[PDB]
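Since the structure comes first, as structure tokens, the remarks are kept for the end.
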Amino acid sequence: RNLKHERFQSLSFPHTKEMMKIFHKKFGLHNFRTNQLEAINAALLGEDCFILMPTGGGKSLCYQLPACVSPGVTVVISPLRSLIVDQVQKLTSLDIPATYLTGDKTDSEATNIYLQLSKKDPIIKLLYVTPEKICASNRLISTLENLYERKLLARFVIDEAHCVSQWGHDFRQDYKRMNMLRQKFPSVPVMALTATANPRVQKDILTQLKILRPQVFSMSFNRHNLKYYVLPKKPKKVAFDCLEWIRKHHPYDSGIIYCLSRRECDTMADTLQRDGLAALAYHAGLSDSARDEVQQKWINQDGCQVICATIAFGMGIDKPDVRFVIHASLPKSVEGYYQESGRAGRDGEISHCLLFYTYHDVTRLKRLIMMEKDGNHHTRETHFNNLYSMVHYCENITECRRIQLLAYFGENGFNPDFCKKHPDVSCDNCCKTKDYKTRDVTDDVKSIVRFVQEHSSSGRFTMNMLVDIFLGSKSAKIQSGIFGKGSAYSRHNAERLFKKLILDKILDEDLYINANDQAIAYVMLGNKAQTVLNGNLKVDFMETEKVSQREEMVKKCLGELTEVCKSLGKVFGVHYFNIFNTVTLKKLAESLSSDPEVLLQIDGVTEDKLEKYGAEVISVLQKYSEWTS
DNA sequence: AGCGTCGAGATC
DNA sequence: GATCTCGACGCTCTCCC
Ligand SMILES: Nc1ncnc2c1ncn2[C@@H]1O[C@H](COP(=O)(O)OP(=O)(O)O)[C@@H](O)[C@H]1O
Ligand SMILES: [Zn+2]
């Protein structure tokens, strides 16, 4: 399914002259990434395009570049004004005419937009818009209708297209009403983009939007620049480990910490602030005035380094230079973990994804499923399925996590040499230095299964009890059926081995509620236990035991350049990263050159940007002129 | 009633 | 010095918009 659009890879096309002209001089880029040239060409031939790329893939270019090289205006549908504002700010920073009708623009300002569009001489190529605006306001419609007639409606871009699927992680009703846009404007090319790896959703997007035979541009959803860590969660020193970790690796960079509840966010946020870390809580419990102040401070890096957010609310804001993302608890599913931690490092620079794990968090999350009241169906059983798939990600400490994540989406092709060919972004499992031998413990398992069967006739021994008992400890509750046999086993391997008999469907768990809300998991038996007792299924387990002077100047240079962007930001009324992105800055500093003939040969440096932001930047770069050796 | 935490003492 | 064990003591949160 990962096709090759050999037809669209040619530079022989008529538009190719002007397109490359805008690609080099307006955007300032030099080389296309995977499926970029193919997707761009296709869009410019009037084809219905469907873009599937992971975060940071390069989805923005697939519609932003065609709009610049097209008669008329491209109409882009986005789900949030926050996303819209960020993209328009990036575009206006390149002197590319664009604006938006989100709804919080007063009718007077709104009308000024409709004016520039009506002249039929519009200089504006990109018009971002929210879905309820199209649905509710028939004022917008009467404008578009005029553009269609003069053949100036270039195409309908549908950003975040996964919002149309009820099977998607972010469903929106107004996206269902997008089919009415194609009905009135059938001649107009439609383009859908998404960063969803879930194929069942990818398929559903096409079915719901009723796009007739599109060009499907797929890609490997492996996140090339994310370091995946799983770490042992000693509860109650999460904040300390986060504080310690952040200060060690990324003391002066923004990040996110995801917590299950609004309260735990406040708690996490509180602990960090009083120790001198710029942390704020972020969730739906905040007043609207508060919410706006948080995102002001976090996005612009003005008095807030870290937000402590609930998953639902954390999706609502973003910045491209998020250097780390920490999950304080255990995510509900692997797709969820992937999309959540995936939003780190959109700017393509290395970023870290830390999951704090303990199996205790499982029983908590297990009870949440039982409680909630939309209806206890055998679909909510699947919420349990996803959960088990998540634990597997955490318990698997040998197989490359990149393979594990992609395997969950069923991605085929990925080379397991990646972490080895790319040491700088290796995951923890491939980071783990030593080897381990797998042994057969069927003998040991039989005794165990027998033990549980005897005292169950729900359950009467939790995992901890069972481990203490089988470890031959002195905290053990009963020294009868298997006391002292896992004497060989450490309390690390004894633990994991017990975590692996609840993952092979060998021992299920009991969810008794307590004399209080925190539920306990008594151990029972798992269906497959007899296929083991039959003399059939075999079991296996795997016991687990200076800077140089020029390099010093680029650091100093890069330091000043960042603040200059921050200042230019407040002046031009724009986020600091919509001036120069992190990669642009990093390459500028490493040249130490003031020669514009060398600077324009760097990604992100354009004639316009080096003209209205140049003077301030070149001044700083002049100081290091005597170092460009 | 289970469960981390954590100081004191065993063990390497 | 660093990791383990024991066992007394203290806290346990139907989540998210
Ligand atoms: N082909 C490319 N060449 C150079 N830089 C690129 C390219 N594509 C994207 N980028 C850079 O990557 C950053 C984010 O890419 P973006 O298109 O926003 O990814 P996505 O839209 O998938 O989130 C942008 O700041 C842009 O400068
Ligand atoms: Zn790996």
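Under the authors' numbering, the letters of the first sequence match residues 637 to 1093, 1106 to 1193, 1207 to 1290, in that order.
Note that beta-carbon positions come from the ideal geometry of N, C-alpha and C, so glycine has one too.
- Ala914 sits away from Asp902, with the two beta carbons spaced by 8 Å or more.
- For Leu1185, no alpha helix (DSSP H) run applies, since DSSP gives it neither H nor E.
- Per DSSP, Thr710 is not a residue of any alpha helix (DSSP H); the beta strand (DSSP E) it occupies stretches across 709-713.
- Residue state for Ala1163 is assigned as coil, using DSSP reduced to three classes.
- The beta-bridge partner set that DSSP reports for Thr830 consists of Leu688.
- Straight-line measurement puts the Cα of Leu862 at about 48 Å from the Cα of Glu1090.
- Remark: the shortest separation between the CB of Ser856 and any heavy atom of ligand 2 does not fall under 7 Å.
- The beta carbon of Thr728 sits closer than 7 Å to the beta carbons of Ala734 from its chain, once the five residues preceding and following it are set aside; these are given in chain order.
- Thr1110 is bridged by DSSP to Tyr1170.
- At least one heavy atom of ligand 1 is found less than 7 Å from the C-beta of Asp983.
- The beta carbons of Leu1246 and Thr1267 sit about 15 Å from each other, so the pair does not count as a contact at 8 Å.
- Secondary structure note for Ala980: it is in no alpha helix (DSSP H), with a DSSP letter that is neither H nor E.
- Not one heavy atom of ligand 2 lies closer than 7 Å to the C-beta of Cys878.
- Taking a cut-off of 8 Å on C-beta distances, the stretch 1138-1157 touches the stretch 1166-1183, as three or more cross pairs fall below it.
- A distance below 7 Å between beta-carbons, with the five flanking residues on each side excluded, links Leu1229 to the following residues of its chain, in chain order: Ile1240, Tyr1274, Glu1277.
- Here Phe1050 carries a coil assignment [DSSP, helix/strand/coil].
- Within the same chain, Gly1134, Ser1135, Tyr1137, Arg1139, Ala1142 come within 8 Å of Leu1119 by CB-CB distance, once the 5 residues on both sides are set aside.
- A direct Cα-Cα distance of roughly 20 Å separates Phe792 from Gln725.
- For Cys1036, no beta strand (DSSP E) segment is defined, and its DSSP state is neither H nor E.
- By the criterion of at least three beta-carbon pairs nearer than 8 Å, the stretch 975-987 is not in contact with the stretch 1000-1016.
- DSSP places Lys839 inside the alpha helix (DSSP H), whose first and last residues are 835-845.
- For a cut-off of 8 Å, the C-beta gap from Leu990 to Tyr865 is around 5 Å, short enough to register as a contact.
- Sorting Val711, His1058, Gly1046, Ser969 by C-alpha distance to the C-alpha of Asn1021 places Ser969 at the top.
- Bounds of the beta strand (DSSP E) holding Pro868 are 862-868.
- Short note on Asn1051: C-beta not closer than 7 Å to any heavy atom of ligand 2.
- DSSP, reduced to helix, strand and coil, places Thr735 within a strand of the structure shown.
- In this structure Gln937 is not in contact with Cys685, their Cβ atoms being roughly 35 Å apart against a cut-off of 8 Å.
- Between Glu1258 and the set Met655, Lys661, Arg643, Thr652, the nearest pair of CA atoms involves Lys661.
- Set against 7 Å, the gap from the CB of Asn1242 to the closest heavy atom of ligand 1 is smaller.
- With respect to the 8 Å criterion, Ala679 and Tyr699 are classified as neighbours on the basis of their beta carbons.
- The beta carbon of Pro835 is closer than 7 Å to those of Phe1045, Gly1046 in its chain, skipping five residues each way along the sequence.
- Comparing C-alpha distances from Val1081 to each of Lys1068, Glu1017, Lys1186, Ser1025 shows the shortest one belongs to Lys1186.
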